[PDB]
Number of protein chains: 2
Amino acid sequence: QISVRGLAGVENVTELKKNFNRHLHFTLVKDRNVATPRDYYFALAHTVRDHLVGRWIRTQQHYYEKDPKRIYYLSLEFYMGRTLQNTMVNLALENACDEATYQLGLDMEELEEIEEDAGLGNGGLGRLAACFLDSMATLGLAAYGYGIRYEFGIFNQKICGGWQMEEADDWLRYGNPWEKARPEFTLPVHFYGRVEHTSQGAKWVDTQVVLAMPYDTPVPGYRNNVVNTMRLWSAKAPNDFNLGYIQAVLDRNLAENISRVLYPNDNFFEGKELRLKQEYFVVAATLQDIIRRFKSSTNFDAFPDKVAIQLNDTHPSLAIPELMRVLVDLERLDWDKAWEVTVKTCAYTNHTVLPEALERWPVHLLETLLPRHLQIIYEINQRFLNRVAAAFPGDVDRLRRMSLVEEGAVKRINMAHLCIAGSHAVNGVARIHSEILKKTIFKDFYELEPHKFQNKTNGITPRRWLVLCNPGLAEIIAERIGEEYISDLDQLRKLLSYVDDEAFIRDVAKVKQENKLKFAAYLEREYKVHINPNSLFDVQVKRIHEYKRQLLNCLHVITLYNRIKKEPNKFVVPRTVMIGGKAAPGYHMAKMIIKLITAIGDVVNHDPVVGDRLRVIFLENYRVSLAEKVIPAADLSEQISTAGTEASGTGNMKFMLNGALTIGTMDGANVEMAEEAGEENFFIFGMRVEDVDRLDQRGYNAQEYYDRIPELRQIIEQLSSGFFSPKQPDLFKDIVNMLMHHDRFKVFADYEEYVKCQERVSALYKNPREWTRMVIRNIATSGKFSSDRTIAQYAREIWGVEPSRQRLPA
Amino acid sequence: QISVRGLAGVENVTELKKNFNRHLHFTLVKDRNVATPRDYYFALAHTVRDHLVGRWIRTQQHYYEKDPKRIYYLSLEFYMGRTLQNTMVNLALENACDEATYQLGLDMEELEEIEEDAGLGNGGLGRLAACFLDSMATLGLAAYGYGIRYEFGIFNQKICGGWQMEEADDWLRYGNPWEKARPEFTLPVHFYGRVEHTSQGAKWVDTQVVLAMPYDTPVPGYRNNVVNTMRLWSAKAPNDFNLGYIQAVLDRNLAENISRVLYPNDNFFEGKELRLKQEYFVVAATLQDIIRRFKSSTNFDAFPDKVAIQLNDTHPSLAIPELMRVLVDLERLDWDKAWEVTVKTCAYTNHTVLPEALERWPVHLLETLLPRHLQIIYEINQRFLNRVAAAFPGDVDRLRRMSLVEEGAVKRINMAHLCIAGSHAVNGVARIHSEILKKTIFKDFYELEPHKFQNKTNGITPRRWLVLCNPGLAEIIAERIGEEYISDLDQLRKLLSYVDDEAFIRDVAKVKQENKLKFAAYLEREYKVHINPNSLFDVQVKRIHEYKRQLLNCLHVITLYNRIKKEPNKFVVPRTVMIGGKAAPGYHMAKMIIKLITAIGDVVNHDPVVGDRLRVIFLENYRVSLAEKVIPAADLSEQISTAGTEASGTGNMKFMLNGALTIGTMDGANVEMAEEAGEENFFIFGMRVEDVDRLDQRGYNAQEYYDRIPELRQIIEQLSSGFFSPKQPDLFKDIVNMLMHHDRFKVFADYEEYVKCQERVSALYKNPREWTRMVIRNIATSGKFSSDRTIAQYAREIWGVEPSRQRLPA
Ligand SMILES: COc1ccc(-c2nc([C@@H]3O[C@H](CO)[C@@H](O)[C@H](O)[C@H]3O)n[nH]2)cc1
Ligand SMILES: COc1ccc(-c2nc([C@@H]3O[C@H](CO)[C@@H](O)[C@H](O)[C@H]3O)n[nH]2)cc1
Ligand SMILES: *Cc1c(COP(=O)(O)O)cnc(C)c1O
Ligand SMILES: *Cc1c(COP(=O)(O)O)cnc(C)c1O
């Protein structure tokens with residue numbers, strides 16, 4: 001049907017049909033009389049998987065023969081989502097599979113909906129890792145993603161009585177056709193024990209052993225026949241583990257719990273032993289695998305020429321002392337040489353400045369679990385501080401600030417300090433964030449070693465986030481400028497020459513309208529709710545956190561409601577306000593915010609005076625597959641974090657690419673988006689970073705805003721008095737008390753500017769031609785935010801490898 | 001090469017090679033340059049599996065269309081062993097696969113050795129279930145085996161310093177290509193809770209739910225294109241289970257532990273809650289599956305016409321009250337009608353008279369775990385005892401003896417009594433055993449309902465236990481009488497006409513010699529030990545238990561050793577005495593017996609005066625795959641249980657079929673073997689059951705035998721004084737004390753007759769022609785001991801179905 005989905009040749013379609021029927025019979029052991037839609041999904045997934053394997057084998061063979069520098073991307077999170085459609089897109093099989101399944105009496109879109117998300121991440125950080133793997137494959141880099149194969153990913157969210165309930169995400173229940181277990185490359189990982197000092201070096205002895213079993217998942221590049229590997233480790237007990245008899249076997253679960261479940265905190269550090277075990281587990285297994293591959297290419301001088309290790313935040317920071325341990329204790333390198341190799345191999349990406357998100361591990365935990373690593377950390381620290389003292393003689397407070405070891409009631413190791421000391425490059429994830437790192441939390445380190453500090457602004461893959469989720473938009477773009485933009489997103493600039501083209505304006509608006517209709521029907525089918533698809537779709541989807549300011553959005557929604565009730569017969573631009581996202585299970589305020597959003601909905605959606613002019617919907621179970629549906633349907637993207645808090649954001653970029661306008665603060669990558677599109681094509685409001693600093697110096701007093709803004713006072717009085725919770729009048733007192741007395745994120749300080757800016761949004765929406773022209777200017781300038789651009793910069797400026805768009809032979 | 005392995009046609013071999021290469025590439029994602037022997041095994045297993053699937057689908061379809069009476073064989077144990085070779089034998093693919101792999105540069109016998117045993121049983125009871133599944137498929141019965149998919153089967157045995165050590169049997173580590181998960185037919189199983197009485201019936205409420213997920217394994221019949229199903233349940237927690245957050249997810253292991261591990265006790269009852277959970281789990285899931293299939297054929301009068309449930313001992317006895325629960329509480333049948341249906345549906349096989357093996361569950365356990373089942377059991381008991389009281393008025397002691405409820409400090413439910421009350425047929429497993437049931441432990445029940453009591457003598461499948469393990473013997477038989485005997489083992493009687501045939505005598509002895517050479521080399525390769533293959537191979541392999549009297553064998557071995565040392569220059573027939581088997585981990589005396597056997601070996605095998613005239617070998621890790629190697633190599637089969645203790649035995653039958661002579665007591669099926677072969681062709685010794693009873697009446701005094709038999713006194717003095725344990729002189733005092741003062745199995749009472757009978761064995765072995773003639777007379781009369789005969793009797797006399805040797809279309 002549409003060109004960007006590829007060719008459906010007679011031979012190809014005939015062969016797909018044959019192989020589908022072969023898998024249904026031989027692989028699934030079903031016939032057509034008893035097959036369910038799930039069986040049909042698996043038959044198609046195996047059929048498509050077969051097309052990957054030849055390319056996967058040949059790619060890995062090619063890397064063995066050419067021996068390029070290898071890139072290892074270490075992350076505790078990979079938020080992959082579904083694989084079937086992405087695989088078809090990257091192999092140019094989508095139209096062929098559509099036609100094949102159509103001829104078998106099946107709807108391929110219905111089969112796609114059966115696949116579980118691989119939800120092995122919390123949000124942005126994990127999804128960035130996934131976009132990066134796609135870009136690395138598309139750019140022909142010899143890259144490997146290494147992580148943990150969690151049995152349970154991010155929990156499934158249910159809303160009961162307006163409250164979040166959590167259910168385990170049993171994503172492996174029906175099997176995962178995309179992974180290949182490799183039990184033959186299983187490796188041992190050590191814990192506990194003690195250190196003995198012999199005459200020739202330290203020895204780590206009396207340890208408990210857990211096995212790391214790898215599962216490999218293919219990562220196809222975009223139409224280049226490159227298939228890279230994501231290797232995820234699963235924990236297994238050895239067979240003599242604890243070996244009355246029955247209890248010893250049952251106790252194997254203690255070892256296997258390491259890979260059982262993803263910690264569900266976004267931007268928050270929980271210092272639990274189990275999490276530390278996960279961090280070491282992934283590092284120890286991965287580093288053995290790296291060294292094995294390096295020796296099968298004595299001379300570790302060449303190691304940094306053949307290996308780059310990228311640390312996705314501090315979560316895999318133990319890679320630094322582990323590499324030192326292996327090189328010094330096992331390979332018998334002198335300390336100075338081992339350190340040179342380590343620093344040249346490792347690079348660190350920081351993703352947050354929030355103090356509660358930074359990993360600071362208690363020394364007593366490390367002492368018990370990883371006694372040799374603690375010794376190595378202390379030695380790193382002493383050598384590092386000796387350098388500081390030589391550069392800044394007499395500056396004793398600098399020595400305290402820069403130490404890897406923090407003093408206090410409980411001594412802690414600051415893992416960010418460890419990463420900076422042990423890495424040749426340290427980057428933030430958007431220009432403003434990288435500047436904040438140099439001016440504030442890592443200022444001292446920047447003064448010592450300015451050359452280490454870089455910026456790499458984040459991006460998103462346009463395969464998943466345009467072609468896959470919004471084929472209608474991809475097609476109308478391709479009709480004008482061809483298909484090359486899918487792997488060279490800067491070509492979207494050519495669309496600026498179509499900003500006054502009446503046919504293009506029409507087509508852009510038509511695609512948005514279709515996407516809104518399709519989403520409005522999805523909502524009715526799966527969740528029994530009636531929305532007006534002519535209304536402005538105002539969307540805020542992301543994890544629930546105080547810094548992201550869903551509460552500010554709530555205040556605007558109540559303002560609109562109160563304005564309608566005051567003047568019911570005045571025209572207002574109709575809106576559907578959709579908010580979705582998961583709260584971390586232990587984060588009380590985030591759970592209270594969810595309840596507030598649903599309680600506002602309960603009032604607003606049932607008030608007959610409001611009608612269809614305002615609807616408030618909480619989108620349940622926000623995840624990658626839901627993002628693919630709602631983002632193409634959005635008109636307005638809410639990116640309203642307090643300036644200085646959102647390191648980058650990536651949702652922001654997904655909305656820009658898909659034809660929504662953005663209302664946002666000058667935070668993270670929003671700054672760069674506005675710069676690319678022009679400030680006149682962005683709805684910017686609120687305090688800049690400098691304004692927040694000025695408020696913090698005099699002292700934030702929320703009472704001043706309450707006293708001066710009557711519309712704001714009315715809302716607080718409604719919240720306090722039980723207007724949105726008549727049966728439990730004090731339900732929201734924690735929210736009110738926080739806003740009035742200990743709001744770290746200054747919700748009231750941006751309220752007035754936010755409401756005024758929202759009125760400008762509504763004014764523009766009344767003129768559909770000018771709204772759409774502004775949209776075209778956004779889509780046209782979104783090219784910088786391709787993760788292909790981001791990865792090319794990492795490759796050239798950090799890893800020292802050249803990207804390639806050349807195809808391997810098929 | 002050999003005819004019974006089938007045809008190797010050019011087309012077949014070409015297609016096998018293609019499919020092997022397809023699986024290596026697409027299924028395993030390997031090329032020939034990096035493939036290991038394990039990859040080659042999996043490629044062949046998938047290739048052979050593909051030949052099963054069409055037949056499996058068509059067989060199950062045929063049962064749906066014809067709607068025959070269905071047979072459900074419920075067992076906690078299925079000791080399957082390896083599947084690859086058995087599959088090839090039953091599909092006539094062995095020579096074709098041999099040729100295909102040969103042309104690919106691979107040795108198929110080497111690939112076969114890579115497969116793990118499916119070790120989901122302890123010994124005879126579990127292996128009987130496996131032979132039965134093979135026979136049911138070969139006889140065209142619509143039969144299903146139902147059990148538990150244990151993650152860990154019977155432990156792997158290691159010998160360290162002469163002691164048994166246990167290691168977990170992680171049989172699923174590399175995957176199981178033979179099973180198909182069916183997560184779509186997952187069913188709930190309930191535990192705990194309480195009973196509420198409403199106006200219309202009892203309700204079992206407030207229960208904890210565990211899911212039962214089925215995995216299906218194909219069971220091919222012998223060259224008839226029938227493929228039946230073995231369905232094994234695995235335990236899964238529901239997704240809301242216990243739903244801080246992290247701990248709730250980790251605690252899912254509590255539910256999933258139900259299917260984690262096989263209880264490793266042979267002939268011993270351990271009354272643990274976890275075992276009770278396993279028993280109910282298998283019953284509750286299976287019965288729902290049975291009822292579903294019955295309703296998809298209101299009218300439960302027809303249920304016993306369409307369903308037979310065979311209880312493999314009392315382990316699945318909760319099927320009786322569960323069926324009553326479903327019919328009364330859920331289907332709303334009146335009690336009397338439900339009971340009629342239950343009795344007509346269920347039949348019970350008893351496999352032991354040892355009092356410590358009989359299941360007697362504490363009432364307090366049932367009350368907490370299965371409160372509704374306990375109520376139903378009490379009602380069954382009251383109704384049953386009302387019948388007893390009407391038949392035997394005033395016989396109050398009979399009421400006490402027959403009750404399902406045993407009085408005492410702890411009230412217990414006698415599950416054997418429950419099975420008899422609720423079953424239309426009760427059988428023992430050999431003629432002597434079935435007679436013992438009627439005369440002793442179930443005498444009262446037999447007097448009430450004589451019509452219920454039957455015998456079904458055990459058997460073994462001649463596919464695994466002749467064709468598969470001893471192709472050389474199968475072939476020389478086939479050269480004379482054709483191939484029909486493989487599915488009609490009574491045809492072996494035709495071999496009596498070849499007892500004086502010089503060529504046949506030669507060939508039988510040649511095959512034995514080859515098997516001994518092959519086993520002698522296996523021992524050198526895998527376990528670094530030098531045995532004389534011209535020696536008589538004297539073999540006792542079976543679980544270690546006091547009743548099986550490995551200790552009596554030990555006493556004979558020491559006797560031979562002492563006789564050699566007394567007269568070193570006299571000729572004695574050389575022997576290699578091999579003993580193997582696992583001890584239950586908590587069974588102290590069994591572990592001490594293993595240590596005694598290895599300690600005897602340590603002395604005997606290193607005494608230079610003995611030379612190669614006597615060797616004592618402990619065969620480590622005895623299991624089904626080791627049985628397939630050692631049984632074809634044996635000359636003498638040791639079947640020496642105290643009369644009245646071995647309900648049947650099946651090892652005995654395996655040795656008879658494979659050309660060993662038997663030294664044995666008149667116990668279990670040995671009685672029937674001697675009757676079939678003639679007593680003159682069997683080495684019978686020792687007390688009969690009647691002699692044991694006479695000794696028990698006067699009192700067994702072991703001291704009398706010590707005082708009268710100088711050779712026996714010498715052995716006890718050697719054991720006591722530390723001759724076999726010089727560094728730990730008192731090591732064997734528990735063994736000595738047991739033999740002298742509390743030997744329940746009367747080892748000393750059979751010593752003299754046993755040693756004299758062993759001298760007759762040695763005398764016959766000196767005349768190889770007459771030894772071999774006696775062997776032919778044994779093999780020729782082994783036909784009764786086919787499990788095809790056993791299953792045909794169950795079918796006709798218990799299940800009410802007619803067996804069929806007709807082929808389904810291919
Ligand atoms: C399990 O514990 C944690 C899980 C995640 C984070 C984390 N997530 C991000 C997000 O990273 C994105 C990708 O760079 C940014 O776009 C986003 O601004 C940031 O909040 N920063 N930090 C921190 C601890
Ligand atoms: C896990 O707990 C148990 C496991 C097994 C048994 C058992 N095994 C047999 C053996 O059954 C064989 C098949 O009928 C007989 O040949 C054998 O004589 C008997 O001991 N009888 N009883 C009992 C409890
Ligand atoms: C992109 C994405 C995120 C990150 O969104 P932000 O608005 O940048 O926080 C979180 N979750 C999912 C499922 C995503 O696809
Ligand atoms: C046949 C068999 C048994 C039963 O042997 P008995 O001598 O009858 O106890 C036990 N274990 C294995 C592995 C078997 O094959």
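So that the names make sense, note that chain A is the first sequence line, chain B the second, and so on, each numbered from 1. Values below: all heavy atoms of this structure, side chains included; hydrogens, waters and symmetry mates excluded.
Separating the CD1 atom in B:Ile544 from the CD atom in B:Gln164 is a distance of 8.5 Å, to the nearest 0.5 Å. With rounding to the nearest 0.5 angstrom, the OG1 atom of A:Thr217 is 8.5 Å from the CZ atom of A:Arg149. In this structure, the separation between NE2 on B:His25 and CG on B:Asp31 is 8.0 Å, given to the nearest 0.5 Å.
Listed options A:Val34, A:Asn156, A:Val53, A:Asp39 were ranked by heavy-atom pairs under 4.5 angstrom with chain B; first place goes to A:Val53. Options B:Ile246, B:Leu243, B:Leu262 differ in how many heavy-atom pairs under 4.5 Å they form with chain A, and the most are formed by B:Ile246. Between chain B and the residues A:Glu184, A:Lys158, A:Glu256, A:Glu151, the most heavy-atom pairs under 4.5 angstrom are made by A:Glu184. The candidate with the highest count of non-hydrogen atom pairs below 4.5 Å against chain A, out of B:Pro264, B:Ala237, B:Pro238, is B:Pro264. Counting heavy-atom pairs closer than 4.5 Å to chain B, the top-ranked of the candidates A:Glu167, A:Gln60, A:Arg38 is A:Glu167. With chain B as partner, the option from A:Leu28, A:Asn33, A:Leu274 having the largest number of non-hydrogen pairs under 4.5 angstrom is A:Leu28. Interface remark: of the candidates A:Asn253, A:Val261, A:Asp240, A:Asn253 forms the most heavy-atom pairs closer than 4.5 Å to chain B.
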- Query: Passes side chain to side chain donor-acceptor pair (under 3.5 Å), A:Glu115 versus A:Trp178? Steps please.
  - Reply: CA-CA 11 Å; A:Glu115 184 177 359; A:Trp178 308 112; 3.2 Å; yes

- Carefully, step by step, assess B:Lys582 and B:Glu166 under the rule salt bridge (charged side-chain N to carboxylate O under 4.0 Å, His left out). CA-CA 9 Å; B:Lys582 287 165 187 182; B:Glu166 303 85 22; over 6 Å; no

- Message: Determine whether A:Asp67 and A:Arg293 satisfy the following criterion, salt bridge (charged side-chain N to carboxylate O under 4.0 Å, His left out), listing intermediate values before the conclusion.
- Response: CA-CA 10 Å; A:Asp67 200 36; A:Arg293 202 176 279 118; over 6 Å; no

- Query: side chain to side chain donor-acceptor pair (under 3.5 Å) between A:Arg32 and A:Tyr40: does it pass, once the steps are laid out?
  - Reply: CA-CA 9 Å; A:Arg32 299 292 306 260; A:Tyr40 293 134; 2.9 Å; yes

- Could you walk me through whether A:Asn19 and A:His46 pass the side chain to side chain donor-acceptor pair (under 3.5 Å) check? CA-CA 9 Å; A:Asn19 287 307; A:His46 282 97; over 6 Å; no

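Annotation: cation-pi pair B:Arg49/A:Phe26 absent, no NZ/CZ under 6.0 Å from the ring centroid and within 45° of its normal. In this structure, A:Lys180 forms no cation-pi arrangement with A:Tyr215, as its terminal cationic atom is not both closer than 6.0 Å to the ring centre and no more than 45° off the ring axis. The cationic atom of B:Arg543 (NZ for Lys, CZ for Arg) does not lie both less than 6.0 Å from the six-membered ring centre of B:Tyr587 and within 45° of the ring axis.
With a 4.5 Å cut-off on non-hydrogen atoms, A:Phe241 does not touch chain B at all. Contact of A:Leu211 with chain B is made through the side chain alone, with heavy-atom distances under 4.5 Å. Neither the backbone nor the side chain of A:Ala248 comes within less than 4.5 Å of any heavy atom in chain B. Looking at B:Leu52, neither its backbone nor its side chain comes within 4.5 Å of chain A, counting heavy atoms on both sides. A:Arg252 touches chain B through its side chain: at least one heavy atom from C-beta onward sits under 4.5 Å away, while N, CA, C and O do not. Contacts between A:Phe152 and chain B at a heavy-atom distance below 4.5 Å involve the side chain alone, from C-beta outward. B:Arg182 touches chain A through its side chain: at least one heavy atom from C-beta onward sits under 4.5 Å away, while N, CA, C and O do not. Only the side chain of A:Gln61 comes within contact range of chain B, judged by heavy atoms closer than 4.5 Å. For A:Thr27, the part lying near chain B is the backbone, with the side chain staying farther off; criterion is any non-hydrogen pair under 4.5 Å. The contact between A:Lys236 and chain B is made entirely by side chain atoms (from C-beta outward), counting heavy-atom distances below 4.5 Å. Residue B:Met165: no heavy atom, backbone or side chain, is found under 4.5 Å from chain A. Contact of B:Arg275 with chain A is not made at all, since no heavy-atom distance falls under 4.5 Å.
Of all heavy-atom pairs between B:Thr59 and B:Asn225, the closest is OG1-O, 3.4 Å.
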